[PDB]
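**Student:** Sharing a structure here in structure tokens format.
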Amino acid sequence: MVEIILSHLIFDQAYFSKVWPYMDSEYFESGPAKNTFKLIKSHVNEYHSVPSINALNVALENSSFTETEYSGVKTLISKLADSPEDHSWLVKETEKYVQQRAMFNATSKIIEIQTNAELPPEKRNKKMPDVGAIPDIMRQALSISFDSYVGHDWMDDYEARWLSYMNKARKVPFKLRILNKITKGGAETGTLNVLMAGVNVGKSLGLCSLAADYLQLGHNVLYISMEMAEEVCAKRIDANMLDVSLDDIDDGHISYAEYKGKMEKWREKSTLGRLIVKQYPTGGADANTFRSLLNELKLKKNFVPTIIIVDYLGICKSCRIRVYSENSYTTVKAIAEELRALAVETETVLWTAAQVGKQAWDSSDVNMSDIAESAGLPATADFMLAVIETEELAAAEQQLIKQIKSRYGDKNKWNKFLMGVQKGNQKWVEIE
Amino acid sequence: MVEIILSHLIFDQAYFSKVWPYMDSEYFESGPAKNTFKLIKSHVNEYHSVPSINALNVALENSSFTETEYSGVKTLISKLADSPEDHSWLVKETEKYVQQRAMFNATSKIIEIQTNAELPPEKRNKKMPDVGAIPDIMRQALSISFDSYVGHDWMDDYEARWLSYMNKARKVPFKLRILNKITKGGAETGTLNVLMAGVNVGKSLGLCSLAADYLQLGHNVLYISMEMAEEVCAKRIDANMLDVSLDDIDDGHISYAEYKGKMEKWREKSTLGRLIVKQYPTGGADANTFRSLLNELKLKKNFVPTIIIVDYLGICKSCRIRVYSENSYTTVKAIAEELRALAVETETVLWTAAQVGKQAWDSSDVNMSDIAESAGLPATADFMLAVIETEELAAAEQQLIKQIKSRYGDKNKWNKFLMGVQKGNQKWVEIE
Amino acid sequence: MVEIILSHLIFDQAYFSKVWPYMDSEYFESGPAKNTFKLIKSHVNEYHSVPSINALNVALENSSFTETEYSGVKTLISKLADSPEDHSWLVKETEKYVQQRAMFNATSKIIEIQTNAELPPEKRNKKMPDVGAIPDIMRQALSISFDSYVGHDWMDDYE
Ligand SMILES: Nc1ncnc2c1ncn2[C@@H]1O[C@H](COP(=O)(O)OP(=O)(O)OP(O)(O)=S)[C@@H](O)[C@H]1O
Ligand SMILES: Nc1ncnc2c1ncn2[C@@H]1O[C@H](COP(=O)(O)OP(=O)(O)OP(O)(O)=S)[C@@H](O)[C@H]1O
Ligand SMILES: [Mg+2]
Ligand SMILES: [Mg+2]
């Protein structure tokens, strides 16, 4: 159907619009199809437009190949004729053929590599790499995305735009109504949000609490904590979910039997995702490490998170800047940018906590300028929230939540709101 | 391709003002092609207008030739249709063919003079120049080109630049009286313009307002954003164009009936351009990718942007520098220079927004030195706008836009101008 | 490392316990190693215990075959020792080797499938899986590794 592929590329604009990038000369033939595709792609990169049949002939005249393939291409361009088909079945056929041919090429090369490796040391060649090439080429043939985007035309793409407007998809709601109503839709996927509380002001508690909340919403959660060990956070999640205690996890006031029973009674609910907690040494974690983690999760554990959580992003490493070549500001901003880029590249909700300078420590109000490490990070951040705990407020077993950085709407809509933080149970709740 | 150029001269009026002068009878052929060119050139000489096909066969029968040549010209005149291929591709192919024929006739001249050189002087013809007259002819053989690569010639092309000064030269109206006033012609093509402002002040709203104005002016707009986009600025364009406040969009006030009506109504308007909004990862969209994006836009779509917008800026991650620059001076300035150079190469209006340092995050007035980005960036700029929003300005829902880097005009007597920035509809409303 | 693998399976207990199901008859060799590990698995299944050298010798004696490989199988069980090496290094190397063997087997099977495809359809053994089965085994080839157990899951790690 390669003739059909070429014809629908040439005479149909939407067809070429669908899949140009996954078109490559080694997908067609060792003869006329490859040569004509090469000519077409040369035109593509030379003039940045769809060649006309006349343009095809023009390029054909200024050719270098000899007579036989010249006549073959002439016939093929003569064979190039438009036919009426559908916008859907053609996609399925073209992809099927792409996958088939990619697998054929990969397996052909595999045979060549195997043969070379079978030959005696004198007879074999360094031209064909060793068997080590067998696994990498195979995964390549299976890493073709078959899916690409171009951008959102404001006029041409209003249908799905209104579909989103009514649907409000990609904004995952919270389990607490105050946050949903101040965000008006919950939390967007490619978003990074930070909390500023201070030192032992409820940071990790809020992080694990929100992790549990989203996990209860049938969601794949990733809670990567560096300052806190996975087991410690596992215990915090035990306290939040099982709702027994933290002071009872140690000096166990609860039987293993009832713990197991409530564990099973939570296991039956399909309304719960998968959450795995990972820990790394301070300043030894980078975005590339996180990406490789995601890759191996999908490969071996077939897991892909959506609400990825990083504890105190400020103790990661940029993987670009050399080792502490500057102060906190630069590396902090760079890490913020890198992690937000990864999150939007994976559409995974990103949350973290930022330090507060000693000037705002033990203060009833915290401002944006009260940030400790950097100011580029507040620029990079979306929907920063400030958690304040006062002696009276702590005695009320609550904290005050203020908006310092808004993205989903007005900041002054509901500036002050309280959380019933339970240090004992590791869970904050609305006061209503 | 002779038929192609003939048909385009006959039919494409646009392909007659670009290059008529570089048409010569000896370019075409020894066959009927030069005869047809002589016929049409004679018609152009007698009547300064493109003769029609009937006028063409009238000249053919009017002019007397051999039966073989009569039939040959008869076949050529019988092969001419519109066939609207690419303008740039057409002109480049014609340039290539003209160069080919120039070299061909130069080769004929040199071989014939060389053959005439060896024979005795009695057999020599006084008409042929001596063998020492080869280079200038070869020079004038290779001097054949269409572009004025010589560049401007002062005191000689003063007519063309006078026509430019008369009315408006290469420029784009801002759709607002005050902006065009302070530019006196709007913004010029190929110029690098920046709109620096504070974090969350007037930046994205201004970008969307300008994009909406340029689209309403029928221009092709390309909004490349490193922030959240394809749905976020898209909603802002909905607010500016459809006059629907964002909160209404979120709450679903529209019934999708009036939405569809407005969309198709704007589709009815012929004064609307094409706008493509594309979002790319933070730190991975270089100028090289930018050019490839332009190529893809022109390939998959019939789109060549007239205006291009950038968000936040400095996110291009220019490949010129491998590592982050300490103060980002080299990197940011390189990005700005590449943007301006690309705009020149495309002769397009490029807009972006710079960052303001922490020193002026709350200052009632912003100086040029109040630049979070590099100091070399406010040197490659051509039009540096700066907006400030204060509590008073928020109360008035206005701003205090200030002009700097006034390359278009003088940076005086207009800097104290204010706009009714609409926080609900994402647009600028200059006071009348 | 088949010597080391068989020695530690016989001798080391945590070695056997760690990844026993991660051991297939085709992981080892087309020759005497396959037969010896067949005896190993036979004694494991018949007796839910770690066989002694004498036990497997008795098994090979009673469960015999033609003498051409009988010498090979009897001499193969003559070298397995204690050899107190590193457990982590052991499991890493074994996983690497088993991945090599899985790649080899998937490759060869794809070779056979294509070879039958590179044959007149009438003269093709219908029993063999067809070309459409070629991609999936590739996935099956790559979806073979030891559980690193990276990270902790709050739910299934309650034990
Ligand atoms: N181990 C603990 N024992 C008792 N109470 C605790 C313990 N950990 C936390 N709390 C209480 O719960 C609150 C919330 O602490 P977390 O948010 O879990 O930690 P954190 O504030 O992120 O810690 P750092 O060290 O400042 S990053 C604390 O301020 C205490 O009131
Ligand atoms: N839909 C909207 N409703 C109300 N105000 C809006 C809306 N969109 C934008 N604005 C206002 O316009 C500005 C939007 O932020 P910008 O000035 O574009 O800064 P920014 O690009 O978000 O900055 P950073 O540094 O990248 S977070 C702020 O003053 C907002 O209050
Ligand atoms: Mg913490
Ligand atoms: Mg913005």
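To be explicit about the labels: the chains of the structure tokens are called A, B, and onward in the order shown, and within each one the residues are counted from 1, while ligands get numbers from 1 in the order they are shown.
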With all C-alpha atoms matched in order and chain A superposed on chain B by least squares, what's the RMSD to one decimal?
**Tutor:**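 C-alpha RMSD after optimal superposition stands at 14.9 Å.
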**Student:** Would you pick out the contacts of residue A:62 at 12 Å or less, using only C-alpha atoms, so that residues sharing its chain but fewer than 5 positions from it are not included, and give the list as a ChimeraX atom specification?
**Tutor:** /A:39,55-57,70 /B:1,93,96-97,100
**Student:** Which residues, written as a compact mmCIF listing (two decimals) with N, CA, C and O atoms, in the first residue's frame, have at least one atom at most 9 Å from residue A:196, with only C-alpha atoms counted and residues fewer than 5 positions away on the same chain left out?
**Tutor:**
```txt
# COMPACT_ATOMS: atom_id res chain seq x y z
N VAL A 201 6.98 22.59 60.74
CA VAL A 201 5.73 23.33 60.79
C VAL A 201 4.60 22.60 60.07
O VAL A 201 3.53 23.19 59.87
N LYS A 203 5.17 20.43 57.19
CA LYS A 203 5.46 20.18 55.75
C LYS A 203 5.21 18.71 55.41
O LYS A 203 4.22 18.44 54.69
N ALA A 353 7.94 21.24 48.78
CA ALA A 353 7.98 22.20 49.86
C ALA A 353 9.28 22.99 49.77
O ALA A 353 10.32 22.45 49.40
N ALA A 354 9.20 24.26 50.12
CA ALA A 354 10.34 25.17 50.07
C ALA A 354 10.62 25.73 51.45
O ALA A 354 9.71 25.89 52.27
N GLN A 355 11.89 26.03 51.71
CA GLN A 355 12.28 26.56 53.00
C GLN A 355 11.90 28.03 53.11
O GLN A 355 11.70 28.73 52.11
N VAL A 356 11.81 28.50 54.35
CA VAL A 356 11.49 29.88 54.66
C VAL A 356 12.65 30.45 55.46
O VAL A 356 13.16 29.81 56.38
N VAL A 366 3.68 35.14 56.64
CA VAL A 366 4.80 34.84 55.76
C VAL A 366 4.49 35.41 54.39
O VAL A 366 3.38 35.22 53.87
N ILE A 371 10.86 33.82 51.17
CA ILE A 371 11.46 32.60 50.66
C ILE A 371 12.94 32.56 51.04
O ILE A 371 13.62 33.59 51.07
N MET A 384 1.60 28.39 44.90
CA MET A 384 2.28 28.25 46.17
C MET A 384 1.32 28.54 47.31
O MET A 384 0.48 29.44 47.24
N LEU A 385 1.45 27.76 48.38
CA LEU A 385 0.65 27.96 49.58
C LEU A 385 1.56 28.06 50.79
O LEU A 385 2.60 27.40 50.86
N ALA A 386 1.17 28.90 51.75
CA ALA A 386 1.94 29.13 52.96
C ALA A 386 1.17 28.58 54.15
O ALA A 386 0.00 28.93 54.35
N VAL A 387 1.82 27.72 54.92
CA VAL A 387 1.23 27.12 56.11
C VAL A 387 1.93 27.74 57.32
O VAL A 387 3.16 27.69 57.43
N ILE A 388 1.16 28.32 58.22
CA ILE A 388 1.68 29.01 59.39
C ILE A 388 1.12 28.31 60.63
O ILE A 388 -0.07 28.00 60.69
```
**Student:** At a cut-off of 7 Å around ligand 2, and using only C-alpha atoms and all ligand atoms, what residues come up? Please write them as a list in words.
**Tutor:**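 I would give the residues around ligand 2 as residues 379, 380, 381, 382, 409 and 410 of chain A; 197, 198, 199, 200, 201, 202, 203, 204, 205, 227, 236, 246, 311, 312, 423, 424 and 426 of chain B.
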**Student:** Pull the helix (DSSP H, G or I) assignments for chain C out of DSSP run on the backbone, and list those residues as a PyMOL selection string.
**Tutor:** chain C and resi 2-10+13-18+25-27+32-46+53-62+67-76+87-117+131-142
